[PDB]
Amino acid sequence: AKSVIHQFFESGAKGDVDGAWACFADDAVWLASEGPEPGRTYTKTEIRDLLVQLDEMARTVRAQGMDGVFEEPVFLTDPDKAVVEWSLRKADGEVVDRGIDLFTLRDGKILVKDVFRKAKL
């Protein structure tokens, strides 16, 4: 892969939960886009179950004709940070979900995945 962020999305796209989980450092956090904190902090032990959930949601939206698009990661001037823009589109192209992840890396592992999404409210 071109980077550990590329590896994470490539594993996910493959359904390799274990491969994606291994992209995270043992002290990593996933800062979810919704929750009381605001957002929600998931530690590495808690992340694997999130990846299982996401794999089954991915297959369910695909069966409805939806298309999940993850843009190529763009690194910041700080090379240990990068953003990944993403969206969910109906089959014709309409966007129903859109967000961005801010990654923090350390020593080739993901240390923070900070997830944001538009509120279609």
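Residue numbers here begin at 1 and follow the sequence given.
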State which stretch shows the higher mean Cα B factor in the entry: 110-118 or 4-12. 4-12
Should the higher mean CA B-factor in the entry be assigned to 89-97 or to 74-82? 89-97
Among 31, 28, 47, 63, where is the Cα B factor highest in this entry? 63
Among the chain's modelled residues, which third holds the C-alpha B-factor of residue 105? lowest
Looking at the temperature factor on the CA atom of residue 17, which third of the chain's modelled residues does it land in? highest
